[PDB]
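Reviewing the structure listed below.
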Amino acid sequence: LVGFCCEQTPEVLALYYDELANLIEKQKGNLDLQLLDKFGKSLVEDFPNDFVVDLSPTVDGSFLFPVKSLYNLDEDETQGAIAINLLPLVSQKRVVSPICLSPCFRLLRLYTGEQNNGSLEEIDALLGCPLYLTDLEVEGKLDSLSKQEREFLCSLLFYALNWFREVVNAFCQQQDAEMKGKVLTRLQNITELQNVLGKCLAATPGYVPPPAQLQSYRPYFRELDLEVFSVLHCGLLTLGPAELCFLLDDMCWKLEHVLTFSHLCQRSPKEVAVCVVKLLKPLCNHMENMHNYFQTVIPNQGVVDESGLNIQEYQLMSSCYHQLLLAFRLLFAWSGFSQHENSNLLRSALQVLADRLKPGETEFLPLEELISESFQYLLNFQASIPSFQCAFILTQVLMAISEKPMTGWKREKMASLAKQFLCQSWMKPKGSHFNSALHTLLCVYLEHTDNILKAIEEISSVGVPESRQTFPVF
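Under PDB author numbering, the residues of the sequence shown are numbered 618 to 709, 724 to 843, 916 to 941, 959 to 980, 1000 to 1168, 1174 to 1210, 1227 to 1234, in order.
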């Protein structure tokens, strides 16, 4: 009927390839490889000939850009079964790349995966081979690329971007520990790619290659699979201080949209939260400790001013913290946690707060016991954080481990937390977006503190001093 339309528009071609992704991976073990004939083996040789270029040294043709193994992290051996490159694999010529390298990349994923029943080594070296895009060391090294010499280089950028994100969504499931460490190398490559790509995209505006720098690669790009967590919550193979707080804003937006991008939340809330909170929790949990013990425990950029850990690693521990706070403010107890099944899964969920504090934390029936148990190390973390945007998640987080009532050791604790964080620094790692944290904080302290009319007496102490730009918030 409409396979002519896939010769009329490649949009519908990849869209069939990726609707086939959806119809292939969904009932992953019901729709059958024996039935897998129509699209089934329809593009094995249509996948190689799709983008698998010839793994050989010369790059002959025309472009703004001379081809290379640019990012071609071809970790494998010398027999060149690789080189499937977005230069000749799809774009140079007019267009083949912005359909299937995302779409039939996913297609080849599902097909090669459930074809031999989980043995995903068939498509394997396609990720160990270097998908050499154009040269990529200099970014504006031609700062006159005439929106195709540079804008086409950047659409090639977006192609390498979708290719990376999809390649990692492919690889990160299984881990033969060098394919696994390989995919870790891939996520590193994706971090560097996205950095340089947003640099070039910051060059000249208007570059959305819509095949699937904050959001303009975020909705218009690849699929943050919940498999992805199974790589990065796997204990931090340092990931990095950027490949945790850049490739972990994925899991941020996932919690902040699916549990308060239609691949990952095609599953449902309790169908999902049993991964994105409980299962991947202590792995993610381990990173939390390491982001204090260096970030504030021996918090060497706290007074030492080693700007590498201050302007490079600084926002790195920053990301790790604040993103860990979205894992509590949005993830730690949310607008449907208080339920029947949400309730029981939470009682089996934060009940892994043996490691939220020191060991022996899961020996108790009391839900108030665990509530104050994740209390017990929780405000103990209270001394580390960088910012009031990063601290005001501890009001949100601790109230999330509580909130039926206030109790002894909670109104007490919460008074302590609100008062300290009120008293602390807003020292530069200013406001206009901390005013929201200020409203949240003030109305947090002035509800835990026991003597209400007294707190205004403290406000008379504070008017004796005159932050005097945030005076309206107070």
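Note that CB positions come from ideal geometry on N, CA and C, so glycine has one too.
Below 8 Å on the Cβ atoms is my contact criterion, and I expect residue i with residue j to pass it. Report the Cβ-Cβ distance as a whole number of Å.
| i | j | result |
| --- | --- | --- |
| residue 1056 | residue 961 | 7 Å |
| residue 818 | residue 963 | 5 Å |
| residue 840 | residue 790 | 7 Å |
| residue 1062 | residue 1053 | Not quite, the Cβ-Cβ distance comes to about 15 Å (not below 8 Å), so this is no contact. |
| residue 1131 | residue 1181 | 4 Å |
| residue 1199 | residue 1084 | 38 Å between Cβ atoms; not a contact. |
| residue 1086 | residue 1117 | Contact flag wrong, Cβ pair sits at about 18 Å. |
| residue 1193 | residue 1154 | 5 Å |
| residue 765 | residue 687 | 6 Å |
| residue 929 | residue 1003 | 5 Å |
| residue 706 | residue 670 | 5 Å |
| residue 1074 | residue 1146 | Going by Cβ atoms, the distance from residue 1074 to residue 1146 rounds to 23 Å, so no, they are not a contact pair. |
| residue 699 | residue 759 | 7 Å |
Is residue j closer than 9 Å to residue i when the C-beta atoms are compared?
| i | j | result |
| --- | --- | --- |
| residue 767 | residue 824 | yes |
| residue 1016 | residue 1064 | no |
| residue 681 | residue 773 | yes |
| residue 832 | residue 920 | yes |
| residue 828 | residue 761 | no |
| residue 1058 | residue 968 | yes |
| residue 1096 | residue 1121 | no |
| residue 1189 | residue 1158 | yes |
| residue 1019 | residue 932 | yes |
| residue 1024 | residue 1091 | yes |
| residue 757 | residue 798 | yes |
| residue 738 | residue 632 | no |
| residue 1103 | residue 1185 | no |
Within the continuous alpha helix (DSSP H) that includes residue i, where are the two ends?
| i | result |
| --- | --- |
| residue 933 | 932-935 |
| residue 824 | 810-834 |
| residue 1086 | 1080-1086 |
| residue 1021 | 1020-1031 |
| residue 760 | Here residue 760 belongs to no alpha helix (DSSP H), and DSSP marks it neither H nor E. |
| residue 971 | 969-978 |
| residue 1188 | 1179-1192 |
| residue 1054 | 1053-1068 |
| residue 1152 | 1150-1162 |
| residue 1165 | Taken as a continuous stretch (DSSP letters only), residue 1165 belongs to no alpha helix (DSSP H), as it is neither H nor E. |
| residue 1198 | 1196-1207 |
| residue 742 | 734-746 |
| residue 1138 | 1127-1139 |
| residue 639 | 627-642 |
| residue 799 | 782-802 |
| residue 705 | Run containing residue 705: none; DSSP gives neither H nor E here. |
| residue 731 | 728-731 |
| residue 667 | 665-668 |
| residue 701 | Residue 701 -> no alpha helix (DSSP H), and no H or E assigned at all. |
| residue 588 | This structure leaves residue 588 out entirely; the chain is present only between 618 and 1234. |
| residue 1114 | 1106-1115 |
Classify residue i as buried or exposed, calling it buried when 16 or more other Cβ atoms lie within 10 Å of its own Cβ.
| i | result |
| --- | --- |
| residue 1148 | exposed |
| residue 621 | exposed |
| residue 941 | exposed |
| residue 646 | exposed |
| residue 1162 | exposed |
| residue 1079 | exposed |
| residue 842 | buried |
| residue 667 | buried |
| residue 1008 | buried |
| residue 782 | buried |
| residue 821 | buried |
| residue 1113 | buried |
| residue 1228 | exposed |
| residue 970 | buried |
| residue 1044 | exposed |
| residue 924 | buried |
| residue 664 | buried |
| residue 735 | buried |
| residue 684 | buried |
| residue 1098 | exposed |
| residue 1026 | buried |
| residue 1232 | exposed |
| residue 1137 | buried |
| residue 1032 | exposed |
How is the beta strand (DSSP E) around residue i delimited, first residue to last?
| i | result |
| --- | --- |
| residue 686 | 684-687 |
Looking at residue i and the ligand ZN, is the gap between the Cβ and the nearest heavy atom below 8 Å?
| i | result |
| --- | --- |
| residue 1044 | With respect to the ligand ZN, the structure offers nothing, as it holds no ligand at all. |
Quick check: the stretch 803-815 against the stretch 725-739, are there 3 or more CB pairs under 8 Å?
Not touching, per the Cβ criterion.
Does the stretch 735-753 touch the stretch 636-650, meaning 3 or more C-beta pairs lie closer than 8 Å?
A contact exists between the stretch 636-650 and the stretch 735-753.
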